[PDB]
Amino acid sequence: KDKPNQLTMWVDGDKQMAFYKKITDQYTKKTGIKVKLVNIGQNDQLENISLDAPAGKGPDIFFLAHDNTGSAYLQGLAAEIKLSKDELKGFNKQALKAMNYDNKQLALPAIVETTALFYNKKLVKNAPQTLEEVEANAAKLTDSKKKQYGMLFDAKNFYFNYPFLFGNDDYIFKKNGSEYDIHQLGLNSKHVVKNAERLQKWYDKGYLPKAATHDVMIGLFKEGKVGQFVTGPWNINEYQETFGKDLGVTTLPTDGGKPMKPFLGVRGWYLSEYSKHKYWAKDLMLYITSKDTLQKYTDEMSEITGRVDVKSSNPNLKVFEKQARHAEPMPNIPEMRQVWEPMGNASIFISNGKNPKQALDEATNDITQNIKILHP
């Protein structure tokens, strides 16, 4: 079980590749094992590996968005990684779960992302602690013609409205332990339906504009016409550039005392079943996911990582670090793919005045029949 001469890794982008080269160069000085890096987009790595791995041209470790976890495993491409408690130490717990399928840890998280609550201090001086407070700010600051809104988020997209519709006891697929049951949908629960009725109420009160897309909301927020905006960290720098000290960022507030959890997206390192040096591949994977490495990663890339012990020096990103510890993984199973469009359609219908129970009942029916078609 001694060292091989080389280990290959599939990195997502030229930017990350340049960063992991530096890191792996140090790995080579420490261990003597050379590391070959290949730039393959994460969106193309799963298809590519299914072809290259069986022919001996695949990598020892590769990189994917966590929602591909079940599919990667089911195809016999992603191998189980057995880890020590000491090796798991410092990793975001829900991030690990996001990369766990059939009760097996299939990857280590490198990058995590969620939404958070941005606010314009010139319009909202204090960080909203409750949803009732966010609503109160919506009521005060929303002006009809002036394009001024107290509260915005892309409520027609399930990704964004998720935390406003699903509480801790609600679910998409029922979890009978770690196993999502694909035949038990919670999309049309009494509680989700009530939250969806509230969402429609926000549309009825004029708090959420029907015509605006997520990109319009971004523009409006930058223009200084929006008090509160729930979105991802993608435009942090330009929001900081535009607002300076007036840019506020906070975690999602509590909803009736229970804290809101946005979707958690995770991207990270998988072990190839076709790797012939699984011990050392794992060793390299741990080295590139160490506190040291991922701290340098957050410093140099301004992204939140899968390590809770990594600390950005940007207080705005510190908020997303916290939010990442209080979030819910997008189900990592293939059937989750069937959920997005019907819930998106339901959300569009809700915004247009459709009875929310009917909208969600129809989405649930549609998801059920689509899963059967694509996954007998």
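Residue positions are given as counts along the sequence shown, with the first one as 1.
| query | 273-281 versus 243-251: which one carries the higher mean Cα B factor per the record? | reply | Taking the mean C-alpha B-factor of 243-251 and of 273-281, the larger value falls to 273-281.
| Of 324-332 and 55-63, the one with larger mean CA B-factor | Taking the mean C-alpha B-factor of 55-63 and of 324-332, the larger value falls to 55-63.
| field | Residue with highest C-alpha B-factor in the PDB entry, from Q295, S178, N195, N161 | value | The record points to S178.
| Highest recorded Cα temperature factor - choice among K121, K97, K210, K145 | Going by the entry's C-alpha B-factors, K145 comes out highest.
| request: Taking the values exactly as deposited, rank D309 by C-alpha B-factor within its chain and report the matching third: lowest, middle or highest. | output: Middle third, going by the recorded CA B-factors of the chain.
| field | Cα B factor band for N345 (lowest, middle or highest third within the chain) | value | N345: CA B-factor falls in the lowest third of its chain.
| Should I288 be placed in the lowest, middle or highest third of its chain by the C-alpha B factor in the entry? | It falls in the middle third of the chain.
| field | Chain third (lowest, middle, highest) by recorded CA B-factor, residue given as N68 | value | Middle third, going by the recorded CA B-factors of the chain.
| request: Rank-wise, by C-alpha B-factor, drop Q75 into the lowest, middle or highest third of its chain. | output: According to the entry, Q75 has a C-alpha B-factor in the chain's middle third.
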